[PDB]
S.K.: 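I'd like to ask you about the structure that follows.
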Amino acid sequence: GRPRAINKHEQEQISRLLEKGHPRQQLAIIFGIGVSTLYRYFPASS
DNA sequence: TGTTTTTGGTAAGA
DNA sequence: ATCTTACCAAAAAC
């Protein structure tokens with residue numbers, strides 16, 4: 001239905017970014033997606 | 001004009 | 001203020 005905002009490629013690039021200690025809140029402004037989307041794909045339990 | 005799927009503002013948090 | 005999370009109305013898509 002609705003196209004995702006982040007494809008499996010980013011799901012890895014972003015994951016890496018966050019693994020290097022990157023702020024989801026910033027990792028969102030820049031990319032374009034909202035913070036809830038990001039926390040949903042990358043729980044703080046990640 | 002209608003169903004699906006995923007988004008995102010947002011309130012809420014022993 | 002700051003960080004997390006699940007909602008759930010609805011944008012996006014056909």
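Throughout, a chain's letter reflects where its sequence line sits, starting with A, and its residues are numbered from 1.
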S.K.: Could you tell me which non-hydrogen atom of A/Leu38 sits nearest to which non-hydrogen atom of A/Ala28, and how far apart they are?
M.R.: CD1-CB, 3.2 Å
S.K.: Tell me the interatomic distance from A/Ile33, atom CD1, to B/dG9, atom P, rounded to whole angstroms.
M.R.: 11 Å
S.K.: Can you tell me how far P of B/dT10 sits from CZ of A/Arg24, to the nearest Å?
M.R.: 20 Å
S.K.: For A/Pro43, enumerate each residue passing the side-chain contact (heavy atoms from CB on, under 4.5 Å) test, keeping only those at least two apart in sequence or located in another chain.
M.R.: A/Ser45, A/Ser46
S.K.: Each nucleotide N or O in nucleotides 2-6 of chain B that has a protein N or O under 3.5 Å away: list the pair and distance.
M.R.:
from	atom 1	to	atom 2	distance (Å)
B/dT5	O4'	A/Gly1	N	3.2
B/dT5	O2	A/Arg2	N	2.7
B/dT6	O4'	A/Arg2	O	3.4

S.K.: At what distance, to the nearest 0.5 angstrom, does CD1 of A/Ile33 lie from CZ of A/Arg24?
M.R.: 11.0 Å
S.K.: Are OP1 or OP2 of C/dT5 and a side-chain N or O of A/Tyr39 less than 4.0 angstrom apart?
M.R.: no
S.K.: Could you list, one pair per line, each protein nitrogen or oxygen that sits under 3.5 Å from a nitrogen or oxygen of nucleotides 12-14 of chain B, together with the distance?
M.R.:
none

S.K.: CD1/A/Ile14 to CZ/A/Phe42 distance, rounded to the nearest 0.5 angstrom?
M.R.: 5.5 Å
S.K.: Which stems does DNA chain C form, counting runs of 3 or more consecutive Watson-Crick or G-U wobble pairs with both distances under 3.5 Å?
M.R.: B:2-13 with C:3-14
